[PDB]
Structures are given as C-alpha cells and as structure tokens.
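Asks: The file below is model_28.txt, compact mmCIF, N, CA, C and O atoms:
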# COMPACT_ATOMS: atom_id res chain seq x y z
N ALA J 348 19.26 -11.69 -12.20
CA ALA J 348 20.04 -10.98 -13.19
C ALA J 348 20.58 -9.67 -12.63
O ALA J 348 20.19 -9.21 -11.56
N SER J 349 21.54 -9.09 -13.34
CA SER J 349 22.05 -7.80 -12.92
C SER J 349 21.11 -6.70 -13.40
O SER J 349 20.30 -6.90 -14.31
N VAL J 350 21.21 -5.53 -12.77
CA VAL J 350 20.29 -4.44 -13.08
C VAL J 350 20.38 -4.05 -14.55
O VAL J 350 19.35 -3.89 -15.23
N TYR J 351 21.59 -3.89 -15.08
CA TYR J 351 21.70 -3.46 -16.47
C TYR J 351 21.32 -4.56 -17.45
O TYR J 351 21.28 -4.30 -18.66
N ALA J 352 21.02 -5.77 -16.98
CA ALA J 352 20.53 -6.85 -17.83
C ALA J 352 19.41 -7.61 -17.13
O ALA J 352 19.37 -8.85 -17.14
N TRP J 353 18.51 -6.87 -16.49
CA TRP J 353 17.39 -7.44 -15.75
C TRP J 353 16.58 -8.41 -16.61
O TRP J 353 16.61 -8.35 -17.84
N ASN J 354 15.89 -9.33 -15.95
CA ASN J 354 15.09 -10.36 -16.61
C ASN J 354 13.62 -10.00 -16.43
O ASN J 354 13.18 -9.65 -15.33
N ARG J 355 12.86 -10.12 -17.52
CA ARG J 355 11.45 -9.79 -17.54
C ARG J 355 10.63 -11.04 -17.82
O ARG J 355 11.01 -11.87 -18.65
N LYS J 356 9.50 -11.17 -17.12
CA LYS J 356 8.63 -12.32 -17.31
C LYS J 356 7.18 -11.88 -17.32
O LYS J 356 6.72 -11.18 -16.41
N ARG J 357 6.47 -12.29 -18.37
CA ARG J 357 5.06 -11.99 -18.56
C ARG J 357 4.18 -13.00 -17.85
O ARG J 357 4.37 -14.21 -18.01
N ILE J 358 3.22 -12.52 -17.07
CA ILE J 358 2.29 -13.38 -16.35
C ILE J 358 0.86 -12.94 -16.68
O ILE J 358 0.49 -11.78 -16.46
N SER J 359 0.08 -13.87 -17.23
CA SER J 359 -1.27 -13.58 -17.71
C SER J 359 -2.02 -14.90 -17.80
O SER J 359 -1.44 -15.98 -17.63
N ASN J 360 -3.32 -14.81 -18.08
CA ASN J 360 -4.17 -15.99 -18.28
C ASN J 360 -4.09 -16.92 -17.07
O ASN J 360 -3.71 -18.08 -17.17
N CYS J 361 -4.48 -16.38 -15.92
CA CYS J 361 -4.41 -17.14 -14.68
C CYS J 361 -5.13 -16.39 -13.57
O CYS J 361 -5.48 -15.22 -13.71
N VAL J 362 -5.35 -17.10 -12.47
CA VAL J 362 -6.03 -16.55 -11.30
C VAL J 362 -4.93 -16.10 -10.34
O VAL J 362 -4.19 -16.92 -9.78
N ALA J 363 -4.83 -14.79 -10.14
CA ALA J 363 -3.80 -14.19 -9.31
C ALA J 363 -4.33 -13.77 -7.95
O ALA J 363 -5.40 -13.16 -7.86
N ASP J 364 -3.59 -14.11 -6.90
CA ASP J 364 -3.90 -13.68 -5.55
C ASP J 364 -2.63 -13.09 -4.95
O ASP J 364 -1.59 -13.75 -4.91
N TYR J 365 -2.72 -11.84 -4.49
CA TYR J 365 -1.57 -11.15 -3.93
C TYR J 365 -1.59 -11.13 -2.41
O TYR J 365 -1.10 -10.17 -1.79
N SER J 366 -2.14 -12.17 -1.79
CA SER J 366 -2.09 -12.33 -0.35
C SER J 366 -1.04 -13.33 0.08
O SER J 366 -0.66 -13.34 1.26
N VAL J 367 -0.55 -14.15 -0.85
CA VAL J 367 0.46 -15.15 -0.53
C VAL J 367 1.86 -14.56 -0.59
O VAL J 367 2.82 -15.21 -0.13
N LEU J 368 2.01 -13.35 -1.13
CA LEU J 368 3.33 -12.78 -1.33
C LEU J 368 3.95 -12.37 -0.01
O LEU J 368 5.18 -12.32 0.11
N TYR J 369 3.11 -12.08 0.99
CA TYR J 369 3.61 -11.63 2.28
C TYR J 369 4.48 -12.69 2.95
O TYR J 369 5.36 -12.36 3.75
N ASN J 370 4.24 -13.96 2.63
CA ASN J 370 5.01 -15.07 3.16
C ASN J 370 6.48 -14.91 2.78
O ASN J 370 7.34 -14.62 3.61
N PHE J 371 6.73 -15.11 1.49
CA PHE J 371 8.06 -15.05 0.90
C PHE J 371 8.68 -13.67 1.06
O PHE J 371 7.99 -12.65 1.03
N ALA J 372 10.01 -13.66 1.26
CA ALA J 372 10.78 -12.42 1.33
C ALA J 372 10.40 -11.49 2.48
O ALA J 372 9.37 -10.80 2.43
N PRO J 373 11.22 -11.48 3.56
CA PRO J 373 11.00 -10.57 4.71
C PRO J 373 10.54 -9.17 4.35
O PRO J 373 10.15 -8.39 5.22
N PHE J 374 10.59 -8.84 3.06
CA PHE J 374 10.11 -7.59 2.49
C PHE J 374 10.82 -6.37 3.09
O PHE J 374 10.21 -5.53 3.76
N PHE J 375 12.14 -6.31 2.88
CA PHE J 375 12.90 -5.14 3.32
C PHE J 375 12.29 -3.84 2.81
O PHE J 375 12.37 -2.80 3.47
N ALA J 376 11.67 -3.88 1.62
CA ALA J 376 11.03 -2.73 1.00
C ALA J 376 9.85 -3.29 0.21
O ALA J 376 10.04 -4.17 -0.63
N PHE J 377 8.65 -2.78 0.47
CA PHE J 377 7.50 -3.20 -0.33
C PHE J 377 6.52 -2.05 -0.48
O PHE J 377 5.76 -1.75 0.44
N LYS J 378 6.55 -1.41 -1.64
CA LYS J 378 5.75 -0.23 -1.91
C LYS J 378 5.30 -0.28 -3.36
O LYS J 378 5.94 -0.89 -4.21
N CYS J 379 4.19 0.40 -3.63
CA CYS J 379 3.54 0.35 -4.92
C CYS J 379 3.33 1.77 -5.42
O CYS J 379 3.14 2.69 -4.63
N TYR J 380 3.35 1.94 -6.74
CA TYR J 380 3.08 3.24 -7.33
C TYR J 380 1.82 3.10 -8.16
O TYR J 380 1.77 2.28 -9.09
N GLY J 381 0.80 3.88 -7.83
CA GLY J 381 -0.45 3.86 -8.54
C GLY J 381 -1.49 2.92 -7.97
O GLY J 381 -2.68 3.07 -8.28
N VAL J 382 -1.08 1.96 -7.14
CA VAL J 382 -1.99 1.03 -6.49
C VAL J 382 -1.58 0.84 -5.03
O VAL J 382 -0.49 1.23 -4.61
N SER J 383 -2.49 0.24 -4.26
CA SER J 383 -2.23 -0.15 -2.88
C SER J 383 -2.30 -1.66 -2.75
O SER J 383 -3.19 -2.30 -3.33
N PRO J 384 -1.37 -2.27 -2.02
CA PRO J 384 -1.27 -3.74 -2.03
C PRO J 384 -2.51 -4.45 -1.50
O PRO J 384 -2.86 -5.52 -2.00
N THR J 385 -3.17 -3.88 -0.50
CA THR J 385 -4.34 -4.52 0.08
C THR J 385 -5.49 -4.61 -0.91
O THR J 385 -6.32 -5.52 -0.83
N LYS J 386 -5.55 -3.68 -1.86
CA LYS J 386 -6.59 -3.69 -2.87
C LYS J 386 -6.19 -4.42 -4.14
O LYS J 386 -7.01 -4.52 -5.06
N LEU J 387 -5.00 -5.02 -4.19
CA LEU J 387 -4.50 -5.50 -5.47
C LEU J 387 -5.15 -6.81 -5.87
O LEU J 387 -5.17 -7.14 -7.06
N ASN J 388 -5.69 -7.55 -4.91
CA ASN J 388 -6.32 -8.83 -5.19
C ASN J 388 -7.67 -8.68 -5.88
O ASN J 388 -8.32 -9.68 -6.18
N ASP J 389 -8.09 -7.45 -6.16
CA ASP J 389 -9.45 -7.15 -6.58
C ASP J 389 -9.53 -6.67 -8.02
O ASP J 389 -10.46 -7.04 -8.73
N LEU J 390 -8.58 -5.85 -8.46
CA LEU J 390 -8.75 -5.21 -9.76
C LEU J 390 -8.45 -6.25 -10.82
O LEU J 390 -7.78 -7.25 -10.57
N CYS J 391 -8.91 -5.99 -12.04
CA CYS J 391 -8.57 -6.90 -13.12
C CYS J 391 -7.63 -6.21 -14.11
O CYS J 391 -7.79 -5.02 -14.40
N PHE J 392 -6.66 -6.95 -14.62
CA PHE J 392 -5.60 -6.36 -15.43
C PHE J 392 -5.54 -7.01 -16.80
O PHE J 392 -6.15 -8.04 -17.07
N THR J 393 -4.78 -6.35 -17.68
CA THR J 393 -4.59 -6.84 -19.05
C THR J 393 -3.51 -7.91 -19.10
O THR J 393 -3.76 -9.06 -19.47
N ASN J 394 -2.28 -7.53 -18.75
CA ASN J 394 -1.12 -8.43 -18.81
C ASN J 394 -0.07 -7.91 -17.84
O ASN J 394 0.39 -6.77 -17.98
N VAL J 395 0.30 -8.73 -16.86
CA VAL J 395 1.17 -8.30 -15.77
C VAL J 395 2.59 -8.75 -16.06
O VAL J 395 2.83 -9.87 -16.52
N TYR J 396 3.54 -7.85 -15.83
CA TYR J 396 4.95 -8.10 -16.09
C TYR J 396 5.73 -8.15 -14.79
O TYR J 396 5.31 -7.60 -13.76
N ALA J 397 6.87 -8.83 -14.83
CA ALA J 397 7.72 -8.98 -13.66
C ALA J 397 9.18 -8.84 -14.09
O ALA J 397 9.65 -9.60 -14.94
N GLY I 447 9.55 21.75 0.98
CA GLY I 447 8.38 21.03 1.43
C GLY I 447 7.81 21.57 2.73
O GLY I 447 8.50 21.57 3.75
N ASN I 448 6.57 22.04 2.70
CA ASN I 448 5.91 22.57 3.90
C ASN I 448 5.25 21.41 4.63
O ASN I 448 4.15 20.98 4.28
N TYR I 449 5.92 20.90 5.67
CA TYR I 449 5.41 19.76 6.42
C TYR I 449 4.56 20.24 7.59
O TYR I 449 4.91 20.14 8.77
N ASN I 450 3.39 20.76 7.24
CA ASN I 450 2.44 21.29 8.20
C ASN I 450 1.02 20.82 7.96
O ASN I 450 0.17 20.98 8.84
N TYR I 451 0.74 20.24 6.80
CA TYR I 451 -0.57 19.78 6.39
C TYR I 451 -0.46 18.33 5.96
O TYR I 451 0.39 17.99 5.14
N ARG I 452 -1.29 17.48 6.55
CA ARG I 452 -1.28 16.05 6.31
C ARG I 452 -2.68 15.59 5.96
O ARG I 452 -3.63 16.38 5.96
N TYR I 453 -2.79 14.33 5.56
CA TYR I 453 -4.08 13.80 5.14
C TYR I 453 -4.12 12.31 5.43
O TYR I 453 -3.11 11.61 5.34
N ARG I 454 -5.31 11.85 5.81
CA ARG I 454 -5.54 10.46 6.18
C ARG I 454 -5.51 9.52 4.98
O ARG I 454 -6.34 9.62 4.08
N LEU I 455 -4.54 8.60 4.97
CA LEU I 455 -4.45 7.61 3.91
C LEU I 455 -5.23 6.34 4.22
O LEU I 455 -5.82 5.74 3.32
N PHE I 456 -5.25 5.92 5.48
CA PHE I 456 -5.93 4.70 5.89
C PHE I 456 -7.15 4.99 6.75
O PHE I 456 -7.04 5.65 7.79
N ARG I 457 -8.30 4.50 6.31
CA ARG I 457 -9.53 4.52 7.09
C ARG I 457 -10.22 3.18 6.91
O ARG I 457 -10.18 2.58 5.83
N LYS I 458 -10.87 2.71 7.97
CA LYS I 458 -11.57 1.44 7.90
C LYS I 458 -12.75 1.54 6.94
O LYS I 458 -12.88 0.75 6.00
N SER I 459 -13.61 2.52 7.18
CA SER I 459 -14.82 2.75 6.41
C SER I 459 -14.92 4.25 6.17
O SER I 459 -14.50 5.05 7.00
N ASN I 460 -15.50 4.62 5.03
CA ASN I 460 -15.62 6.03 4.71
C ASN I 460 -16.54 6.71 5.73
O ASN I 460 -17.14 6.08 6.59
N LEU I 461 -16.65 8.03 5.60
CA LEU I 461 -17.25 8.86 6.62
C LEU I 461 -18.48 9.57 6.08
O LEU I 461 -18.55 9.91 4.89
N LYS I 462 -19.45 9.79 6.96
CA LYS I 462 -20.65 10.51 6.58
C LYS I 462 -20.33 11.97 6.28
O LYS I 462 -19.28 12.48 6.68
N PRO I 463 -21.22 12.66 5.58
CA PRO I 463 -20.95 14.05 5.19
C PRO I 463 -20.72 14.98 6.38
O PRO I 463 -21.39 14.88 7.41
N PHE I 464 -19.74 15.87 6.22
CA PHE I 464 -19.53 17.00 7.12
C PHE I 464 -19.14 16.56 8.53
O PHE I 464 -19.57 17.15 9.53
N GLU I 465 -18.30 15.53 8.62
CA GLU I 465 -17.67 15.15 9.88
C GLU I 465 -16.16 15.12 9.68
O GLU I 465 -15.68 14.80 8.59
N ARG I 466 -15.42 15.50 10.71
CA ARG I 466 -13.96 15.48 10.67
C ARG I 466 -13.41 14.60 11.78
O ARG I 466 -13.92 14.60 12.91
N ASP I 467 -12.37 13.84 11.45
CA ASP I 467 -11.74 12.89 12.35
C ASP I 467 -10.29 13.32 12.57
O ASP I 467 -9.56 13.57 11.61
N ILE I 468 -9.89 13.41 13.84
CA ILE I 468 -8.55 13.84 14.22
C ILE I 468 -7.83 12.76 15.03
O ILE I 468 -6.71 12.98 15.49
N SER I 469 -8.42 11.57 15.16
CA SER I 469 -7.79 10.49 15.90
C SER I 469 -6.60 9.89 15.16
O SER I 469 -6.72 9.48 14.00
N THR I 470 -5.45 9.84 15.83
CA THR I 470 -4.23 9.22 15.30
C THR I 470 -4.17 7.75 15.71
O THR I 470 -4.15 7.46 16.91
N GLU I 471 -4.12 6.83 14.75
CA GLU I 471 -4.08 5.41 15.07
C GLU I 471 -3.30 4.64 14.01
O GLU I 471 -3.44 4.92 12.82
N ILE I 472 -2.57 3.62 14.44
CA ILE I 472 -1.72 2.84 13.55
C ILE I 472 -2.52 1.71 12.92
O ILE I 472 -3.18 0.93 13.62
N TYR I 473 -2.47 1.63 11.59
CA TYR I 473 -3.14 0.59 10.82
C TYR I 473 -2.76 -0.81 11.28
O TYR I 473 -1.68 -1.05 11.83
N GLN I 474 -3.69 -1.75 11.07
CA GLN I 474 -3.56 -3.15 11.41
C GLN I 474 -2.90 -3.91 10.26
O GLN I 474 -2.68 -3.36 9.17
N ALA I 475 -2.56 -5.18 10.49
CA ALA I 475 -1.92 -5.99 9.46
C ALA I 475 -2.38 -7.45 9.50
O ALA I 475 -1.59 -8.38 9.60
N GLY I 476 -3.70 -7.66 9.40
CA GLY I 476 -4.23 -9.01 9.42
C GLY I 476 -3.94 -9.77 10.69
O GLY I 476 -4.04 -11.00 10.71
N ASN I 477 -3.62 -9.05 11.76
CA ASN I 477 -3.27 -9.52 13.09
C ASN I 477 -3.39 -8.32 14.01
O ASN I 477 -3.51 -7.19 13.54
N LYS I 478 -3.44 -8.59 15.32
CA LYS I 478 -3.49 -7.54 16.34
C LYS I 478 -2.59 -6.40 15.89
O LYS I 478 -1.38 -6.57 15.76
N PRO I 479 -3.17 -5.23 15.62
CA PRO I 479 -2.41 -4.13 15.00
C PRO I 479 -1.11 -3.82 15.72
O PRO I 479 -1.04 -3.76 16.95
N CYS I 480 -0.06 -3.65 14.91
CA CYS I 480 1.26 -3.26 15.38
C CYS I 480 1.17 -2.10 16.36
O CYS I 480 0.57 -1.07 16.07
N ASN I 481 1.78 -2.28 17.53
CA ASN I 481 1.68 -1.30 18.61
C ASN I 481 2.89 -0.36 18.58
O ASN I 481 3.76 -0.39 19.45
N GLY I 482 2.92 0.49 17.56
CA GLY I 482 3.98 1.47 17.42
C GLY I 482 4.89 1.30 16.22
O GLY I 482 5.75 2.16 16.01
N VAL I 483 4.76 0.25 15.41
CA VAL I 483 5.73 0.03 14.34
C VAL I 483 5.03 -0.07 13.00
O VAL I 483 3.82 0.17 12.90
N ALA I 484 5.78 -0.41 11.96
CA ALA I 484 5.24 -0.50 10.60
C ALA I 484 5.95 -1.62 9.85
O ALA I 484 7.17 -1.57 9.68
N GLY I 485 5.18 -2.61 9.41
CA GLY I 485 5.71 -3.70 8.62
C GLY I 485 5.23 -3.57 7.19
O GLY I 485 5.10 -2.45 6.69
N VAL I 486 5.01 -4.71 6.52
CA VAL I 486 4.41 -4.68 5.18
C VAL I 486 3.21 -3.75 5.18
O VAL I 486 3.05 -2.90 4.29
N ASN I 487 2.32 -3.92 6.16
CA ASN I 487 1.19 -3.04 6.38
C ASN I 487 1.48 -2.15 7.58
O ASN I 487 2.61 -1.68 7.75
N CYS I 488 0.48 -1.93 8.44
CA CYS I 488 0.61 -1.12 9.65
C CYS I 488 1.29 0.23 9.38
O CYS I 488 2.27 0.59 10.03
N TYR I 489 0.76 0.98 8.43
CA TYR I 489 1.37 2.26 8.11
C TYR I 489 0.79 3.36 8.98
O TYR I 489 -0.25 3.20 9.63
N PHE I 490 1.47 4.51 9.01
CA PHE I 490 0.98 5.63 9.78
C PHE I 490 -0.21 6.28 9.06
O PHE I 490 -0.18 6.42 7.83
N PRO I 491 -1.26 6.67 9.79
CA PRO I 491 -2.47 7.16 9.10
C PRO I 491 -2.23 8.45 8.34
O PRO I 491 -2.79 8.64 7.25
N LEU I 492 -1.40 9.33 8.89
CA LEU I 492 -1.21 10.66 8.34
C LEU I 492 0.11 10.74 7.58
O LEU I 492 1.14 10.24 8.05
N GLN I 493 0.06 11.36 6.41
CA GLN I 493 1.23 11.57 5.57
C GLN I 493 1.31 13.06 5.27
O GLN I 493 0.31 13.68 4.90
N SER I 494 2.50 13.63 5.43
CA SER I 494 2.64 15.07 5.25
C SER I 494 2.47 15.43 3.78
O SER I 494 2.75 14.64 2.88
N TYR I 495 2.00 16.65 3.55
CA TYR I 495 1.82 17.09 2.17
C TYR I 495 3.16 17.53 1.57
O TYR I 495 3.49 17.14 0.45
N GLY I 496 3.94 18.32 2.31
CA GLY I 496 5.21 18.77 1.77
C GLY I 496 5.03 19.67 0.57
O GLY I 496 5.42 19.29 -0.54
Could I get this structure in the form of structure tokens?
Replies:
Amino acid sequence: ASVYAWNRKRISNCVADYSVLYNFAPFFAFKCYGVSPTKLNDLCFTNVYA
Amino acid sequence: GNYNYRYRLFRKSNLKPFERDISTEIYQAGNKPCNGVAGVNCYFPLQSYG
C-alpha cells in the first residue's frame, strides 16, 4: 500500500520466532525502537501489529 | 552534540564489579564475525553520546 493509505495487520495467538526474518529481504534498513532484535524471540507480548 | 563520550552497547556477558573494558571489537552475526563491516547485526560496540 501507499504510505498515506498503509495496510495494518494484527498478529496474535501464535508461536512467533524472529530468527527467520533475516532470510527474507536483504534488509536495506533494519532497526528497532525500544527493543533489540536479538532479544526479540524471548519476550512475551499482548498483540503484535504490522 | 558533544561526540566525546561513548558507551558499550554490545557485550557477550556482563562484567564483575569495578572493572572497566576499553577493548574495541565488532559484534558477530551468527557466523564468523564481520571483519570491519556491519550487516543486520555486527554493529559497532561504542555509540557516541552526543
């Protein structure tokens, strides 16, 4: 979608692993605010949005 | 921004009381650590305070 009409998707009720993301997308930019990616596979969350 | 004071963001294991570490080393990335560069991981240990 375009920025002024971005698309949002709710992801919850599932087993999430953030180690497979490194595969997809050469990752021209990959940075986090408030968390660090290496520790992200560990914490537990309420409801994750995309 | 006063770029004269920095702080260690990446450490393998925490440190015992009252020791200081001044070694500059590039973080690893689940493979033989990047020898001079920075990808998804392999970030620089020191970040300026500014």
Asks: Residues of chain J within 8 Å of chain I: nearest atom pair and distance (Å, one decimal) for each, counting all atoms listed in the file, sorted by chain and number, as a Markdown table?
Replies:
| residue | atom | partner | partner_atom | distance |
| --- | --- | --- | --- | --- |
| J:369 | CA | I:486 | CA | 7.6 |
| J:373 | O | I:486 | N | 6.5 |
| J:374 | O | I:486 | N | 5.9 |
| J:375 | O | I:485 | O | 8.0 |
| J:376 | C | I:486 | CA | 7.5 |
| J:377 | O | I:486 | O | 4.8 |
| J:378 | N | I:486 | O | 7.0 |
| J:384 | CA | I:486 | O | 7.7 |
| J:385 | N | I:486 | O | 7.9 |
Asks: What is the distance, in Å and to one decimal place, between CA of residue 447 in chain I and atom N of residue 492 in chain I?
Replies: 17.0 Å
Asks: Hey, what's within 9 Å of residue 394 in chain J if we count only C-alpha atoms and toss same-chain stuff fewer than 5 positions away? As a PDB file with N, CA, C and O atoms, in the frame of the given file, please?
Replies:
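File part.pdb, as written:
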ATOM      1  N   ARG J 357       6.470 -12.290 -18.370  1.00  0.00           N
ATOM      2  CA  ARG J 357       5.060 -11.990 -18.560  1.00  0.00           C
ATOM      3  C   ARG J 357       4.180 -13.000 -17.850  1.00  0.00           C
ATOM      4  O   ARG J 357       4.370 -14.210 -18.010  1.00  0.00           O
ATOM      5  N   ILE J 358       3.220 -12.520 -17.070  1.00  0.00           N
ATOM      6  CA  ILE J 358       2.290 -13.380 -16.350  1.00  0.00           C
ATOM      7  C   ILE J 358       0.860 -12.940 -16.680  1.00  0.00           C
ATOM      8  O   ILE J 358       0.490 -11.780 -16.460  1.00  0.00           O
ATOM      9  N   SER J 359       0.080 -13.870 -17.230  1.00  0.00           N
ATOM     10  CA  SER J 359      -1.270 -13.580 -17.710  1.00  0.00           C
ATOM     11  C   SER J 359      -2.020 -14.900 -17.800  1.00  0.00           C
ATOM     12  O   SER J 359      -1.440 -15.980 -17.630  1.00  0.00           O
ATOM     13  N   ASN J 360      -3.320 -14.810 -18.080  1.00  0.00           N
ATOM     14  CA  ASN J 360      -4.170 -15.990 -18.280  1.00  0.00           C
ATOM     15  C   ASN J 360      -4.090 -16.920 -17.070  1.00  0.00           C
ATOM     16  O   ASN J 360      -3.710 -18.080 -17.170  1.00  0.00           O
TER      17      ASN J 360
END
Asks: Using DSSP on the backbone, list every residue of chain J that comes out as strand (DSSP E), and give them as a PDB file with N, CA, C and O atoms, in the frame of the given file.
Replies:
ATOM      1  N   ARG J 357       6.470 -12.290 -18.370  1.00  0.00           N
ATOM      2  CA  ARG J 357       5.060 -11.990 -18.560  1.00  0.00           C
ATOM      3  C   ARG J 357       4.180 -13.000 -17.850  1.00  0.00           C
ATOM      4  O   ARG J 357       4.370 -14.210 -18.010  1.00  0.00           O
ATOM      5  N   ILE J 358       3.220 -12.520 -17.070  1.00  0.00           N
ATOM      6  CA  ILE J 358       2.290 -13.380 -16.350  1.00  0.00           C
ATOM      7  C   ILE J 358       0.860 -12.940 -16.680  1.00  0.00           C
ATOM      8  O   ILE J 358       0.490 -11.780 -16.460  1.00  0.00           O
ATOM      9  N   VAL J 395       0.300  -8.730 -16.860  1.00  0.00           N
ATOM     10  CA  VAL J 395       1.170  -8.300 -15.770  1.00  0.00           C
ATOM     11  C   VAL J 395       2.590  -8.750 -16.060  1.00  0.00           C
ATOM     12  O   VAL J 395       2.830  -9.870 -16.520  1.00  0.00           O
ATOM     13  N   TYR J 396       3.540  -7.850 -15.830  1.00  0.00           N
ATOM     14  CA  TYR J 396       4.950  -8.100 -16.090  1.00  0.00           C
ATOM     15  C   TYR J 396       5.730  -8.150 -14.790  1.00  0.00           C
ATOM     16  O   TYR J 396       5.310  -7.600 -13.760  1.00  0.00           O
TER      17      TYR J 396
END
Asks: Work out how far CA of residue 460 in chain I is from CA of residue 388 in chain J, in Å to one decimal.
Replies: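 Result for CA of residue 388 in chain J versus CA of residue 460 in chain I: 20.1 Å, one decimal.
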Asks: Would you mind reading off the distance between CA of residue 472 in chain I and CA of residue 387 in chain J, one decimal, in Å?
Replies: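 About the pair CA of residue 472 in chain I and CA of residue 387 in chain J: they are 21.0 Å apart.
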